[PDB]
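Coming up are structure 1 and structure 2: the same protein chain in two forms, each one given alone as structure tokens.
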Structure 1
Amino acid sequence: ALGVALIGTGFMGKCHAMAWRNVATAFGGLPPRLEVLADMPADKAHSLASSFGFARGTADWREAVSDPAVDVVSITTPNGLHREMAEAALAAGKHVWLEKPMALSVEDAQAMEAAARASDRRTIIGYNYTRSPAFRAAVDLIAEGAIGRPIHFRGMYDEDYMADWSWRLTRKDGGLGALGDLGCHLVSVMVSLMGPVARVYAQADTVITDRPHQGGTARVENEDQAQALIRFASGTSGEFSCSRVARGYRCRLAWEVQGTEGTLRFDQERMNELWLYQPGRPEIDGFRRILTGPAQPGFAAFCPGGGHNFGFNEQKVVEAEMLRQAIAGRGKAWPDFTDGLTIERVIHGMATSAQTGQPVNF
């Protein structure tokens, strides 16, 4: 049974807590033991440790990583703390489940990538949109030749949370803006579908410059939206965007792969639907709405009946299981810190391209 440390209890902290709690319920084997939860202040950590089922809560994150009963550390803190916490966890001999993006800079991710190799421990980064049954089904369909050769990718990730204060808005805590917060997710899906990125040309904007209800000066330090044209190492084209100010959208990570023999389209706001076009007889020709069910990777561990909608949080249960199987030497987790470094190079290259008005080659 894997011993678990959890650092942070917010959006992702609670998501990881629920995932670790049910990974064996869904996939079998032994239930992970919830050992230590870290958060500030201490009374909050004690409270959440009690309700989450952790053996203790502490205000000292170092206390979580150094617990001998811990085998794996979930890190769900602001981006500015990822590098320090992940390097400490790896040095401590712990496997690491790190939230995206890796850190603030390419240099940070490079140091982390080197630390991971030196430690001989497993790493996985929290790119949970790669875990839906629909997404995994799409990957397999492409590999099987269902849409022929990919000839164009178009992807977006729109939300509007910033169009209504967060550490996400600072360079010391968040790093990049929309690119770092949402863009990296789109990259994780995009490269899994299309292969590695060879070239980007990008542009960006900040639409809301100051948080109007903060009272004191509250300068937004990073971008609200960005777009890029892509060339993949295959030579194929892509379109790419992200935004945290696109009003009306809440989790609109949407993508499509146009192939020579068909098209696949997906929208995370309806994460249980995968749209597949393949040529057919004229009288019955059109896109198929594939509703998520037990034929798709991972779904049958949660439900034997199709159409009982798989949830956002259940992607994290799948993610936990992939890390669990990697730790046992039964599969390879993706992306590890090496695969993740490439993703960081992409989003940071997009940022560079937007700043300079020049294409960036990889």
Structure 2
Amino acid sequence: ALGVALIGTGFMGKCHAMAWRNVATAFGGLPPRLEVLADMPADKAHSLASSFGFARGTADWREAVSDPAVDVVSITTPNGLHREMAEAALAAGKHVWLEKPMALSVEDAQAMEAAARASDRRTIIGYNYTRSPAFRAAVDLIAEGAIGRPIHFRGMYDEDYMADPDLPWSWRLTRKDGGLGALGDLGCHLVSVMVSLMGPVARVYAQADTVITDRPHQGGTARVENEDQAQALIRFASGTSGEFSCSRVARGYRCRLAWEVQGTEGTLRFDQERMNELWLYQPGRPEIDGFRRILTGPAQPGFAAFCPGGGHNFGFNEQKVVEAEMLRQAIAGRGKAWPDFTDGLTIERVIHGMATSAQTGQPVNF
């Protein structure tokens, strides 16, 4: 059994815990051993280690990564801690499952990437929207020739978790200790999807805005320093075009990662708010010609491991169980885990190049 350490218990932390708990239930083999859970404060770590099924909890993440009973470390902490935690786990000889984005800067991601290549350990980054059966089905349909050659990509990622101007300021909204805004939180997810469909990015031209520039801060206010929304025109290395956007102030949207690939022989379209649906157009005889609604079921990758009947909606959290299985397989020397820290660094360059472009008014080439 794989020995597991988990750092953090929040949105992604609990998602990781659920994932590691059921990965063998879904996919077979030996259940991973849930060894050490790290979180703060300590009594929360202890309480949650009990209910999560971990052998023990600790408030010291360094203890978790060095434990001799641990083979792999899930890292779900705030972005500013990612570099230090991943580098320590790799230095301790542990495989790493790091939540996105890799870190605050390209410089940090470059160091992480060299550290991963220096260890002989597997890494995967938590781009969970690449794990849905519908997304994986789309990739396989394209690889099967279902839509011919992609000629255009249009993608967006809209949410409104910051749309309320009275939500408080935080150091996450500074460049120095928050890194990127919408591009860092949501943009990187869209890039992960985008490059899986279209291949590498060659050029971006971007624009960005801070829509709510000031927020409540301990009686007065403080300045929001990173972007609430951004958009970019893409030229892929292949020569094909792309449209790209993200926003954390797009009112009414909650997880609207939506993309489409228009090809020479068809079109694929997806919206994460309805993650069980994949829309596929292929030319057909005029009397019946039209897009097909493909409802997620056992014909799509991964789904059969959770349910034998179609239309029993696959959930957001189950994307994480798939992601866990990919890592287990990679550790065991079968499949590859995508993206590792090398593949991840590329994604980091793209989002930071979009930010640089928006700042400078000039395109950025890769």
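So that the term is clear: the rigid core is the largest set of C-alpha atoms that superpose within 1.5 Å between two forms. Numbering runs along the sequence of structure 1, starting at 1.
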Quiz item: Fit the core first: which of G248, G235, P212, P196 then shifts its CA by 2 Å or more between the two structures?
Solution: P212
Practice problem: Determine whether the C-alpha of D173 shifts by 2 Å or more between the two structures once the rigid core is superposed. | Solution: yes
Self-check item: C-alpha positional change at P279 between the two structures - rigid core reference, Å
Solution: 0.2
Quiz prompt | Per-residue CA shift, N222 (Å; core superposed between the two structures) | solution = 1.1
